[PDB]
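Undergrad: Below is the sequence, then the experimental coordinates.
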Protein chains: 2
Amino acid sequence: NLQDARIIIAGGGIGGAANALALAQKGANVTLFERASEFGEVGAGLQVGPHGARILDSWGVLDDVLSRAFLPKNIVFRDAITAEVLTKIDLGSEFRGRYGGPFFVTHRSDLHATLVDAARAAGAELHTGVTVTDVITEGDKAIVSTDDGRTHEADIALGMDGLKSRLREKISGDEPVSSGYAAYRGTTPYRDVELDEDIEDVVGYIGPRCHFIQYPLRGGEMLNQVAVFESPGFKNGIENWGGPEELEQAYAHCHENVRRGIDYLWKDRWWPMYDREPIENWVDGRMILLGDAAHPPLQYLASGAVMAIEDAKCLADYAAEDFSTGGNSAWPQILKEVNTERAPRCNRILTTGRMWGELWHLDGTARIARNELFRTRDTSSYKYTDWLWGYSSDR
Amino acid sequence: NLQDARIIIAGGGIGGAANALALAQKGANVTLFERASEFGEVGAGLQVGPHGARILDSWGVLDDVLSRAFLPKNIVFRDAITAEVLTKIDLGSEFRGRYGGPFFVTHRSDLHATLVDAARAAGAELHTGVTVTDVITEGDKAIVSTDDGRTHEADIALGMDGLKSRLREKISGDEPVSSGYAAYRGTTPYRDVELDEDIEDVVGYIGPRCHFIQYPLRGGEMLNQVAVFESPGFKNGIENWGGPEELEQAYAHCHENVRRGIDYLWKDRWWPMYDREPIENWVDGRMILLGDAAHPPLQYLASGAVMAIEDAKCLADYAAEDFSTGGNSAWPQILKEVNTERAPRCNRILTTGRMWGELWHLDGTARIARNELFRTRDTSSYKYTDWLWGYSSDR
Ligand SMILES: Cc1cc2nc3c(=O)[nH]c(=O)nc-3n(C[C@H](O)[C@H](O)[C@H](O)COP(=O)(O)OP(=O)(O)OC[C@H]3O[C@@H](n4cnc5c(N)ncnc54)[C@H](O)[C@@H]3O)c2cc1C
Ligand SMILES: Cc1cc2nc3c(=O)[nH]c(=O)nc-3n(C[C@H](O)[C@H](O)[C@H](O)COP(=O)(O)OP(=O)(O)OC[C@H]3O[C@@H](n4cnc5c(N)ncnc54)[C@H](O)[C@@H]3O)c2cc1C
Ligand SMILES: [Cl-]
Ligand SMILES: [Cl-]
Ligand SMILES: [Cl-]
Ligand SMILES: [Cl-]
């Protein structure tokens, strides 16, 4: 356990919250600083595969999360132009038996609130309205500066300040890399959506330079919709690229089922999609970058928040194993071991994710090949998914 | 049979020769005019699938053709960059039982000479050094003009003057469509080629914007090599595009096994690859376009000469069936029925051929998809090949 340890967490997104919970459950003294004046997340969906579900179950929060979630029966890929089913990933008992938990979907806001509530219940001292301005290592302590003029001492610090991380600048001068794709979201009352057939699955329509995803939320009561498309504005050097004037044309070549979808999306805000080139070293002295600060992906594998959750489980588990006997002196080794375990995993998701999205967005003959590949696969094989859903940090 | 019939054939390539043989075997009076001063073809390879072999066997020329041919055991597709085997098409007893004959390869020159010799033996009057300048229909005869000032009367005429057909202008004003790919050939003494492992198959290396094909000829004594690549010069408007200064760079990204291949090719002559948009009507009065004059393909399905051979079998068979009772008055109906049977077949080869070549030349993620598609196919299924190799005109 981590009783005498002190950890400061910079950032209170899903990653920071998950880390607060994991560490506080091990008995650590956790202090978390979040810049925003309230904890919160977007009231739209995310997908959590069993690689995340199993961890939430270990922390004792999965039953509760599931009480407000949706359990899809399959992931269904469809051609965005013909609406033809290409393949399905079955999420039933064989799947859940293999991977140790369910694939579920839920509101980001709910998942976040649940983690925050559990972290507080486990003893984590959470602070909103507080920006971490600097982290340095002096001797065997991390010294953390905040925007009220104060400094704070801890054994380690977690840089969990997201894609646009300023703490990352301590380790890397790299900048976010534009995908040239923009994402729009929407949630609609289920019944309020015009559907030919009912939706009980995650449905992804994949087409030339675009995709469109639908899944239910909150026990079937709401439908989440997500449109991602290649922005003409980006390649022309627009700074505020991917705006909603681009949507109609981006989907004009698609099936009516996809086109009808566009009307339900929120249009007042959107998410231009950036990632970063993978980096091997996430550690500066007694600071480690985790979550999006370390490994921000494009969302095709729907695993960014899951990675941050996995980061929390690995850090907590590895620290509790080593700190118990080695104490505070052991932290730099612990952070090195966590980085060594996490970097190859996460970096593969970053790189493979890029290719996966590319595979979704193919056109012409390449699309014809892609479609046939999907249709004719061995659906009993797990070779495409075991590396993702079957991973564990347990040693 | 066709005893009282007179047919004039404009053009003496593989198609004209095959038509001369088929018609003369039915007892027709055949006169063929070839522009060149000698009959001849390029002394390089072609591939003849069982859709052609079965027809040659019917004409009694297959045993003889095979005595100078090579019988490959498989068609092997390899990645041009890694040299990895992707898939094989087995050409063994199951294949030959399904499709009614062998897939073989041979010299174009030999195949052509064999057809010409058989046509002469069957009674066809062949003329070299004679250009057909015009064909018109007057009453119930085709009137054929030649470049010595003479005119000739026949019941029908075949326009078999190839890709650059001037007789086609009677029916269509279309022009050849550039693929932007150029083809080089070579034949080398087998032993004279530097091979890591021996070649007993048709081997096709498929890569980004290029491919490279190898197969033995003449019982294993020679190796045929064919390089096809996308020409940078074509897109820049060079008139004489695809020249050999482009070869080294076109293959620079490929495996050594492919790169070594380039050195064996003839460099003093090359074949820029053009086809034509498919057309439905090939008939003008008592003239029918056949062979490349009607349906010139890009050579990815290796079926252009085979199509011309199929044209000969269908024309001869359908005419012999109908002329016997209807006589000369029946020819326009016969030509219509041949066109009706042949156009959908041949036009599918033209169009599918284009996509097939595109599938060979993919790059990036599309290549990754294509490779996996090929590797994971049901190799017992014939769904990709039955439409091609299992076709027959027999009614
Ligand atoms: C369109 C889209 C769809 C997605 N869908 C999925 C999905 O289905 N499943 C999945 O697993 N992932 C998904 N992701 C990825 C996921 O949203 C992220 O990987 C994840 O939320 C990152 O969490 P984080 O806590 O590391 O960073 P963030 O969410 O960015 O949180 C960082 C926090 O730190 C705060 N902050 C910044 N600087 C400071 C500072 N200096 N001091 C204090 N606080 C600071 C911020 O206010 C913020 O709250 C998706 C992403 C996108 C863009
Ligand atoms: C690089 C390449 C590889 C190929 N590989 C294969 C393969 O493996 N298998 C396959 O089946 N096919 C293959 N083909 C296709 C094949 O070569 C052709 O489809 C086929 O030869 C066409 O035969 P044809 O008799 O219709 O026309 P052509 O071969 O063009 O013959 C037309 C003839 O008419 C003559 N002529 C022109 N005008 C007149 C006139 N006005 N009067 C008299 N004579 C005239 C010409 O001199 C010529 O001899 C390939 C083609 C290329 C370019
Ligand atoms: Cl993601
Ligand atoms: Cl992801
Ligand atoms: Cl051809
Ligand atoms: Cl062809």
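TA: Thanks, I have it. Residues are numbered from 1 along each chain as shown, chains lettered A, B, ... in the order given. Ligands and ions are numbered 1, 2, ... in the order given.
Undergrad: which residues are contacting stretch A:204-212?
TA: Stretch A:204-212 has contacts (CB atoms under 8 Å, 6 or more residues apart in numbering or on different chains) with A:75-81, A:83, A:86, A:213, A:225-230, A:250-251, A:253-255, A:257-258, A:261, A:360-364, A:367. Bear in mind the C-beta positions are built from the backbone N, C-alpha and C, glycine included.
Undergrad: Among these, which ones are in strands?
TA: A:75-79, A:86, A:213, A:225-230 (DSSP state E).
Undergrad: can you list the residues of the stretch 251-395 of chain A near ligand 1?
TA: A:271, A:291, A:292, A:299, A:302, A:303, A:304, A:305, A:306, A:308 (CB under 6 Å from any ligand atom).
Undergrad: is it true that the last one touches residue A:160?
TA: Yes. Residue A:308 lies in contact with residue A:160 (CB atoms under 8 Å); the separation is 7.4 Å.
Undergrad: so what's in contact with these two at the same time?
TA: Counting by CB under 8 Å, 6+ apart, the residues touching both residue A:308 and residue A:160 are A:13, A:15, A:19, A:290, A:291, A:292.
Undergrad: neighbour-wise, which of the residues of the stretch 251-395 of chain A next to ligand 1 leads?
TA: Counting neighbours by other CB atoms under 10 Å in any protein chain shown, the top entry in those is residue A:291, with 31 neighbours.
Undergrad: Contact partners for that one?
TA: By CB under 8 Å, 6+ apart, the neighbours of residue A:291 are A:11, A:13, A:14, A:15, A:16, A:19, A:160, A:162, A:307, A:308, A:311.
Undergrad: repeat for residue A:18
TA: Counted by CB under 8 Å, 6+ apart, residue A:18 has contacts A:115, A:308, A:309, A:311, A:312.
Undergrad: how about the nearest residue to the second one, chain neighbours excluded?
TA: Among residues not flanking residue A:308 along the chain, residue A:15 sits closest, at 3.1 Å (CB to CB, 6 or more residues apart in numbering or on different chains).
Undergrad: Helix or strand for that neighbour, just tell me which one.
TA: helix A:14-25 (DSSP states H and E).
Undergrad: so residue A:254 sits right up against residue A:78, yeah?
TA: No. Counting by CB under 8 Å, residue A:254 stays clear of residue A:78, with 10.5 Å between them.
Undergrad: got the domain boundaries for chain A?
TA: A:1-38+A:123-174+A:277-354, A:39-122+A:175-276+A:355-395 (curated CATH domains).
Undergrad: in a helix, that's where residue A:335 is, yeah?
TA: Yes. Assigned with DSSP: H, G, I helix; E, B strand; the rest coil, residue A:335 falls within a helix.
Undergrad: In contact with residue A:172, which residues are there?
TA: residue A:279.
Undergrad: before we move on, the earlier item: return the members of the contacts of residue A:291 classed as buried.
TA: In those, burial by neighbour count holds for A:11, A:13, A:14, A:15, A:16, A:19, A:160, A:162, A:307, A:308, A:311, counting by 16 or more other CB atoms under 10 Å in any protein chain shown.
Undergrad: Report the two of those separated the most.
TA: Farthest-apart pair in the buried ones among the contacts of residue A:291 is A:11 and A:307; separation 14.4 Å (CB to CB).
Undergrad: need the contacts of residue A:18 in JSON lines with secondary structure, can you?
TA: Converted to JSON lines, the contacts of residue A:18 look like this (three-state DSSP):
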{"residue": "A:115", "secondary structure": "helix"}
{"residue": "A:308", "secondary structure": "helix"}
{"residue": "A:309", "secondary structure": "helix"}
{"residue": "A:311", "secondary structure": "helix"}
{"residue": "A:312", "secondary structure": "helix"}
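Undergrad: Helices of chain A, start to end?
TA: All helices of chain A, identified by DSSP state H, fall at A:14-25, A:50-58, A:62-67, A:93-99, A:108-121, A:232-235, A:247-250, A:256-261, A:304-326, A:331-360, A:364-375, A:386-389.
Undergrad: Turn these into CSV, including distance to residue B:1.
TA: Shown next, in CSV, are the helices of chain A (distance: least, CB to CB, whole Å):
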stretch, distance to residue B:1
helix A:14-25, 84
helix A:50-58, 74
helix A:62-67, 81
helix A:93-99, 67
helix A:108-121, 81
helix A:232-235, 66
helix A:247-250, 64
helix A:256-261, 59
helix A:304-326, 77
helix A:331-360, 59
helix A:364-375, 46
helix A:386-389, 68
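Undergrad: Do I have it right that residue A:228 meets residue A:265?
TA: No. Counting by CB under 8 Å, residue A:228 sits too far from residue A:265 to count as a contact (10.8 Å).
Undergrad: Between the two, point out the one with more neighbours.
TA: residue A:228 (28 against 20).
Undergrad: nearest spatial neighbour of that one, skipping sequence neighbours?
TA: residue A:183 (4.7 Å).
Undergrad: what do you get for residue A:185?
TA: That would be residue A:44: by CB to CB, 6+ apart, it lies 4.3 Å from residue A:185.
Undergrad: Ok, residue A:385 next?
TA: residue A:89 (7.2 Å).
Undergrad: ok, how many other residues are close to the residue nearest to residue A:228?
TA: Residue A:183, neighbours per other CB under 10 Å, totals 19.
Undergrad: Pull the most distant pair out of the shared contacts of residue A:308 and residue A:160.
TA: A:19 and A:292 (12.6 Å).
Undergrad: okay, and the common contacts of those two?
TA: A:160, A:308.
Undergrad: So which bits of chain A are right by ligand 4?
TA: A:297, A:301, A:303, A:304 (CB under 5 Å from the ion).
Undergrad: Relative to residue A:189, which of these is nearest.
TA: Nearest to residue A:189 among these, with distances taken as CB to CB, is residue A:304, at 27.3 Å.
Undergrad: quick one on the thing from earlier: now, of the contacts of stretch A:204-212, which are buried?
TA: By 16+ other CB under 10 Å, the contacts of stretch A:204-212 give A:75-81, A:86, A:213, A:225-230, A:250-251, A:254-255, A:257-258, A:261, A:360-362, A:367 as buried.
Undergrad: show me which of these neighbour ligand 6.
TA: Among the buried ones among the contacts of stretch A:204-212, ligand 6 is touched by none when using CB under 5 Å from the ion.
Undergrad: The closest residue to residue A:140 other than its chain neighbours - how many residues pack around it?
TA: Of all residues not flanking residue A:140 in the chain, residue A:328 sits nearest, at 6.0 Å (CB to CB, 6+ apart). For residue A:328, the tally of surrounding residues (other CB under 10 Å) stands at 15.
Undergrad: thinking again about what came up before, so the residue nearest to residue A:185 sits against residue A:108, correct?
TA: Yes. Applying CB under 8 Å, one finds residue A:44 in contact with residue A:108, separated by 6.1 Å.
Undergrad: Now do the lengthiest strand in chain A: everything it contacts.
TA: When chain A is parsed with DSSP E, its longest strand is strand A:177-189. Identification of contacts with strand A:177-189 by CB under 8 Å, 6+ apart yields A:42-45, A:107, A:217, A:221-231, A:234-235, A:241-244, A:246-247, A:264-267, A:270-277, A:298-299, A:357.
Undergrad: Could you identify the buried members of the residues you listed?
TA: Buried among these (16+ other CB under 10 Å): A:44-45, A:107, A:217, A:222-231, A:234, A:241-242, A:244, A:246-247, A:264-265, A:270, A:272-276, A:298-299, A:357.
Undergrad: now whichever residue of the stretch 151-300 of chain A sits closest to ligand 2: how far from ligand 4?
TA: Distances between the stretch 151-300 of chain A and ligand 2 by CB to the nearest ligand atom are smallest at residue A:208, namely 31.6 Å. The gap separating residue A:208 from ligand 4 is 22 Å, by CB to the ion, to the nearest Å.
Undergrad: burial count for that residue?
TA: Count around residue A:208 with other CB under 10 Å applied: 17.
Undergrad: and it, backbone torsions?
TA: Backbone geometry at residue A:208, expressed as degrees, to the nearest 10, gives phi -60, psi 110.
Undergrad: Only alpha carbons, please: show stretch A:195-204 as PDB.
TA: Extracted in PDB, the C-alpha atoms of stretch A:195-204 (Å, rounded to 0.1, in the frame of the first residue of the first chain):
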ATOM      1  CA  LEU A 195     -35.100   5.400 -37.700                       C
ATOM      2  CA  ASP A 196     -36.100   2.800 -40.400                       C
ATOM      3  CA  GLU A 197     -35.000   0.200 -37.900                       C
ATOM      4  CA  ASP A 198     -34.200   0.300 -34.200                       C
ATOM      5  CA  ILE A 199     -30.700   0.500 -33.000                       C
ATOM      6  CA  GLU A 200     -29.400  -1.800 -30.200                       C
ATOM      7  CA  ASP A 201     -25.700  -1.700 -31.300                       C
ATOM      8  CA  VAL A 202     -22.800   0.600 -32.000                       C
ATOM      9  CA  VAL A 203     -23.200   1.300 -35.700                       C
ATOM     10  CA  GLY A 204     -20.400   2.800 -37.700                       C
END
